[PDB]
Amino acid sequence: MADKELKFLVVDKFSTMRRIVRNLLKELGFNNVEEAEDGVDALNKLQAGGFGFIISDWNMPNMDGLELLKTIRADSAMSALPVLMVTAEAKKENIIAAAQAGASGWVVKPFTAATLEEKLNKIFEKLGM
Amino acid sequence: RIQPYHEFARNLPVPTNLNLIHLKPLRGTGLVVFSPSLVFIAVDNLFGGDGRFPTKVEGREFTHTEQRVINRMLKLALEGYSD
Amino acid sequence: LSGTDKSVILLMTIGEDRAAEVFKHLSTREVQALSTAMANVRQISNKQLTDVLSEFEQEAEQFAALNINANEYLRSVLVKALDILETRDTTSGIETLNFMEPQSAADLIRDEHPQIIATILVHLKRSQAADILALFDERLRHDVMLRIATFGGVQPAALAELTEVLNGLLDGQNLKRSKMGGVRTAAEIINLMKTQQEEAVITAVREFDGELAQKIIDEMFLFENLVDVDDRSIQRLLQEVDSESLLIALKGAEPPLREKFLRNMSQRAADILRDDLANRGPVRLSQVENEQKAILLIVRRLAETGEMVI
Amino acid sequence: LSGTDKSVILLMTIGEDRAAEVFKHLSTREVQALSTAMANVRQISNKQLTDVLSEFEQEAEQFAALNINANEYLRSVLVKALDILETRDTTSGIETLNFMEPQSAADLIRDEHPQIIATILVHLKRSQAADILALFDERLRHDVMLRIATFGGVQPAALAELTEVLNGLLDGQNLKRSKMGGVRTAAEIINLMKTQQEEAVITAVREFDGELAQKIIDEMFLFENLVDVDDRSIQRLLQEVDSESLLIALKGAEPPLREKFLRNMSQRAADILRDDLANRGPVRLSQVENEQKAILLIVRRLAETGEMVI
Amino acid sequence: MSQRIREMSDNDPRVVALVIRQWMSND
Amino acid sequence: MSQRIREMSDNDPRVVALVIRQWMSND
């Protein structure tokens, strides 16, 4: 089983979506969840450290999800940190670019709690958690 | 399909428009669930949308005009259900 | 006296019952404006009464009274024989969605459905809709443009509902009437500080957010930027600035700004100013700052009158 | 004052009962138009009353009143002794199907049965039916032409039913009265944007649909197309454009357009403009864009008056 | 407001309708 | 304060409303 004290960073431009994701994570047993409004704030909070999983939106102001993922992978201290990508449009080119950047998973809005739980379980199994 | 409430909640896409209704004289609260895709299609049709450019759900809250459209759709649905 | 003041005096001098009857034939905006103006009335002099009464008589003769209530008369005629104010209100809302700042309207309709945004912009002026679209992101702006290109028309009921929602939002905004809280207000505050605290605040804001400080800097006139102002405006400025005040202010000015001022003066006056600068002794920084503040106030006054471009 | 305004004033000044009685002798379109015009009435002055009354008296004497109701009188005479407005309405619908744009009518009747299309076009003007047929596809257009060539006549009942259906469709369209949503509206919007966002929107639309962007481009006057305008119109334009405004605008213009403007000016003025262009320093792009926008506004104003052909 | 208003009020409604129709046609 | 005050008090409220509207528009 995955560690229930794992710290999650939810990054999205909409506060309501972040609250929904936090509630879904709480229903799954994860209570250590922090929220970020854009890529810059997400990177600033990542520089603090202590996070074990990232859920980030694709299109965000001042930094999109792809650039944030590239910056995370470029950092040695956070290159192995799993990142979950949530988007509104599942274009093949964007998915391929994210996979080349090192995305751990992909979620398409709208989605159900079952899909999110399945994605989290698959990511944890791939990482051996 | 008949299933426990938690299973029904687990299979509802999020975010979504949830409407609480009452079926008098029966006791309890009913739910009318409107998917964001249907709401966007109705908004497109009402405001001259050609339908060639579907709107992707970004996870945002419905606007006041969208809320009024949902209102109208729900009123029609409740009238049909009652009839 | 403005027309609102004359109307308020007229309403105050006709009695409460007559004023109430008149309010029944006025729109909500007019009634609210008159009530607000009636609130601040403290005295009405003899001229403010007699001239208002005479002007009211001349105005009543101007359109020769008449004009029976259009809505009730039209309804009665249609009922006996067999849009309107709703159409007029929709037209006014169309006008209201064009006099606003493009940024304010864009932020108001940024979160709306792209089809709703396209529908709103179709009924707007070309320039206003062009400015609003310029402020949207690439994807949303182009989606709205494509929806406009394939706009198929909207039923009157949906348009009326959208207009009512927009009117409610506008009423809420006007009730708020958001006092200026952007970088401009801070820049105005910062410009009136002493140089020490002004520079400290600017540096600290840049430490927190360089973009925010730059926006505040771009919205502030802290002197030393008159070099970027056109020569004609500087020449106009020199006609309102005292020679001694300019001499003291230019003592602490940079050589580029000093040459900018000198180039806009007459050659004899430029030589006199150069000699005074070379001969006058050291001046306390506070006095130079005060003179620069006075010059900036003169610049602001000229800009408000349109005689100077900043 | 238009005749509609005079009629509205007359109806307002005769009383509700008299106005209702008059509406009973008017067609539905006239009643709707008067009711719409009566809705926006805010004041009727002394002249707007007296002149309207005098003109009504002179008009009543013009045709000397009389003209008892034709339908009721004819029906009574026929009943006692032994088409009409239906024929007049069919004739009006025939007229209505000729004043519309050929594209609008073609799209209206594109999905109709080919025999129905042929029947409609037989009763239409030759030019209007020719234009409508030009917009149909090869197969459908030729089928309609062949059916016209063998048109054997239609019973009055079927023609009346078709006319009623067309009248209902026209009533629906007029209730919609589709606000301009084609490429022309976007082009008008795009022309009033800054060059940055205008070019970005054009490029993005071309990325989505090159044909759509080209249609918007063909419907927009973004300057630099005055080279394709005839020499006479350019010469007319130069009489309304300030010399300094033209000098600033032509600074950023292409050499072909610059020569097009120079060739339409007098030789002395052309030499003066060339010398000014060669001697004047760099001009900010925003000022040049503003001057080009002003010149385009002048061009649009001249085109609306018929003095310039675009 | 002389007697002309009263005289016009007594005219046949058909005459008024025809005057209105002619005025609208002239527009 | 001559009879003009009383004469103005007897005017139709719609006339007063139209005068007020014109005055506010002229501002």
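Residues numbered from 1 in each chain as written, not as in the entry; some residues may be left out. Chains lettered and ligands numbered in written order. Part of a larger assembly, values for the part shown. Heavy atoms only, no water.

Structure determination for this entry, per the PDB record, employed cryo-EM and reached 4.4 Å resolution.

Draft legend 1. Just the overall build of chain B, in detail. Counting its regular elements, chain B contains three helices and two strands. In chain B, the succession of helices and strands from N to C terminus is α-β-β-α-α. For chain B, with 83 residues in total, the buried portion stands at 37%. A separation threshold of at least 6 residues defines the contact pool for chain B, and within that pool the share at least 24 residues apart is 35%. Per element, the accessible surface of chain B, about 5600 Å² overall, is 57% carbon and sulfur. (Helix = DSSP H or I, 4+ residues; strand = E, 2+ residues; numbered from the N terminus. Buried < 20%, exposed > 50% of the residue type's maximum accessible area, 1.4 Å probe, protein only. Contact = heavy atoms within 4.5 Å. Areas by Shrake-Rupley, 256 points an atom, 1.4 Å probe, with all protein chains shown as cover.)

Draft legend 2. Seen up close, helix α8 (residues 114-122) of chain D. Taken together, the buried positions of α8(D) are D:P114, D:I117, D:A118, D:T119, D:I120 and D:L121. Along its buried surface, α8(D) packs onto α6 (85-99), α7 (102-109), α9 (126-134), α10 (138-149) and α11 (156-176) of chain D.

Draft legend 3. Fine view of the sheet that holds strand β1 (residues 8-11) of chain A. Residues and elements named next belong to chain A. With respect to topology, five strands assemble into an open sheet ordered β2-β1-β3-β4-β5, the strand pairing being parallel. Looking at strand neighbours, the two that pair on one side only are β2 (33-36) and β5 (105-108), the edges of this open sheet. If you compare each strand with its neighbour and ignore which way they point, the axes differ by 20 degrees on average. Note that β1 and strand β3 (residues 53-57) share four bridges and pair parallel. From the neighbouring strand, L9 faces β3, where its bridge partner is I54. Packed on one face of the sheet, helix α1 (residues 15-27) meets β1, β2 and β3 and runs near 165 degrees to β2. (Pairing = 2+ DSSP bridges. Axes fitted to C-alpha atoms, helices over the stretch in contact; angles between N-to-C directions.)

Draft legend 4. A look at the packing of aromatic side chains. Residues and elements named next belong to chain A. Going through the model one piece at a time under the given rule, you end up with ten aromatic pairs over all chains. Seen in terms of ring centroids, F8 and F30 are 4.8 Å apart; in terms of plane orientation they differ by 50 degrees. Their pairing is tilted. With a gap of 22 residues between them, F8 in strand β1 and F30 in the loop between α1 and β2 connect regions that are remote in the sequence. Comparing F8 with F30 shows no difference in burial state: the two are buried. Plain terms: the ring middles of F30 and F124 are 6.0 Å apart, the flat faces sit at 55 degrees to each other, and that makes the pair tilted. Taken together, the residues span a long stretch of sequence, with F30 in the loop between α1 and β2 and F124 in helix α5 (residues 113-126) at a distance of 94 residues. The rings of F8, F30, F53 and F124 are connected pair by pair, giving a single aromatic cluster. We note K7 situated over the ring of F51; from NZ or CZ to the ring centre the distance is 4.4 Å. (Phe/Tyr/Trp six-rings, centres within 6.5 Å; stacked < 30°, edge-to-face > 60°. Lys NZ or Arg CZ within 6 Å of the ring centre and 35° of its normal.)

Draft legend 5. Region of the structure containing a nonpolar patch on the surface. All names here are of chain B. Residues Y5, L18, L20, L31 and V33 make up a contiguous nonpolar surface patch of about 510 Å² in total accessible area. Elements with a contribution of two residues or more to the nonpolar patch: β1 (17-21) and β2 (30-34). For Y5, the location among the structural elements is in helix α1 (residues 5-10). (Patch = residues over 30% accessible without salt bridge, like charges linked within 9 Å, V, L, I, M, F, W, Y side chains within 5 Å. Salt bridge = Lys/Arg side-chain N within 4 Å of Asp/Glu carboxyl O.)

Draft legend 6. Quick look at the interface of chain C and chain F. Counting from both sides, the interface comprises 30 residues of chain C and, opposite them, 19 residues of chain F. Summed over both partners, the interface of chain C with chain F buries about 2500 Å², with 69% contributed by carbon and sulfur atoms. Note that C:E30 is salt-bridged to F:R21, the shortest N-O span being 3.4 Å. Across the chain C-chain F interface, the total number found is six residue pairs in polar contact. Looking at the side of chain C that touches chain F, the elements with two or more residues in it are α1 (3-13), α2 (16-23), α3 (28-39) and α4 (46-62) of chain C. If one sorts the elements of the side of chain C that touches chain F by residue count, α4(C) sits on top with eight residues. Looking at the side of chain C that touches chain F residue by residue, the classes come out as 14 nonpolar, nine polar and seven charged. (Buried area = accessible area lost by both parts, 1.4 Å probe. Polar contact = N/O pair within 3.5 Å; in protein donor to acceptor, adjacent residues only side chain to side chain. Nonpolar A, V, L, I, M, F, W, Y, C, P; charged D, E, K, R; others polar.)

Draft legend 7. How the structure looks around the pairing of β1(A). Residue and element names in this part refer to chain A. Along β1, one buried face is formed by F8 and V10 and the opposite face, lined by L9 and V11, is buried too. Two strands pair when backbone bridges link them, and β1 and β2 are joined in this way by four bridges, in the parallel orientation. Bridge pairing links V10 to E35 in β2. Each parallel crossover has a hand, and for β1 linked through α1 to β2 it is right-handed. (Right-handed = clockwise from strand over helix to strand, strands pointing away.)

Draft legend 8. Representation of empty space enclosed by the protein. All names here are of chain A. Estimated volume of the largest cavity: approximately 50 Å³. Looking at the largest cavity, the residues that line it are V10, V11, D12, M17, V21, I55, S56, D57, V86 and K109. Residue assignment for the lining of the largest cavity shows that the elements contributing at least two residues are β1, α1 and β3. The biggest single contributor to the lining of the largest cavity is β3, with three residues. (1 Å grid on protein atoms, 1.4 Å probe; cavity = no way out; pocket = protein on both sides within 12 Å on 5 of 7 lines; lining within 4 Å. Points joined across faces, edges and corners; volume = space filled by probe spheres on them.)

Draft legend 9. Expanded view of the layout of surface pockets. Here the second largest pocket defines a volume of roughly 1200 Å³. Every element with two or more residues in the lining of the second largest pocket is listed here: α10 (138-149) of chain C together with α13 (195-208) of chain D. Residue classes in the lining of the second largest pocket are distributed as 16 nonpolar, five polar and 18 charged.

Draft legend 10. Representation of the nonpolar core within the structure. Counting residues in hydrophobic clusters, the biggest one holds 53 residues, and the most contacted among them are C:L121 and D:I216. When neighbours within four sequence positions are excluded, D:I216 is seen to be in contact with D:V183, D:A186, D:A187, D:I190 and D:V205. If you look at the next biggest cluster of nonpolar residues, it comprises 33 residues, including D:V8, D:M12, D:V22 and E:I20. (Core = buried A, V, L, I, M, F, W, Y, C linked by side-chain atoms within 4.5 Å.)

Draft legend 11. Region of interest: the interface of chain D and chain C. Contact residues are listed per partner, giving 38 residues for chain D and 37 residues for chain C. Summing the contributions of chain D and of chain C, the shared interface buries around 3500 Å²; its carbon and sulfur component is 70%. Interface area lost by chain D to chain C is led by D:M12, D:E16 and D:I189, which between them contribute 16%. Taken together, the links from chain D to chain C amount to three salt bridges. Here D:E16 and C:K80 are joined by a salt bridge, their closest N and O atoms 3.3 Å apart.

Draft legend 12. Quick peek at helix α5 (residues 70-81) of chain D. Residue and element names in this part refer to chain D. Taking 1.5 Å of rise per residue, the twelve residues of α5 would be expected to cover 16 Å, and the 16 Å separating its terminal C-alpha atoms lies within 8% of that figure. Burial of α5 is sparse: only zero of the twelve residues sit out of reach of the surface. Between the side-chain oxygen of the N-cap and the backbone nitrogen of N71 there are 3.4 Å, and the N-cap of α5 in question is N69. (Expected span 1.5 Å × (residues − 1).)

Draft legend 13. View of the packing of helix α9 (residues 126-134) of chain C against helix α12 (residues 183-191) of chain D. As a packed pair, α9(C) and α12(D) sit with axes 7 Å apart at the nearest point and diverge in direction by 75 degrees. Classed by the angle they form, the pair α9(C) and α12(D) counts as roughly perpendicular. Between α9(C), through C:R126, C:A129 and C:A130, and α12(D), the contact on the second element is made entirely by D:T185, D:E188 and D:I189. Tallied by class, the residues present in the contact of α9(C) with α12(D) amount to three nonpolar, one polar and two charged. (Parallel < 35°, antiparallel > 145°, perpendicular 65-115°, else oblique.)

Draft legend 14. Summary view of the environment of B:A42. Residue and element names in this part refer to chain B. Inspection of the secondary structure puts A42 in helix α2 (residues 36-46). Remark: the alpha-carbon pair of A42 and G28, spanning 14 residues in sequence, is separated by 29 Å. If we ignore the near neighbours within four places in the chain, the residues touching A42 are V69 and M73.

Draft legend 15. Representation of the pattern of salt bridges. All names here are of chain A. In the structure shown here, the tally under the stated rule is 50 salt bridges over all chains. Across the pair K109 and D12 runs a salt bridge whose closest N-O atoms are separated by 2.9 Å. Here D12 lies in the loop between β1 and α1 and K109 lies in the loop between β5 and α5, a separation of 97 residues in the sequence. Its relative accessible area of 4% is what places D12 among the buried residues.

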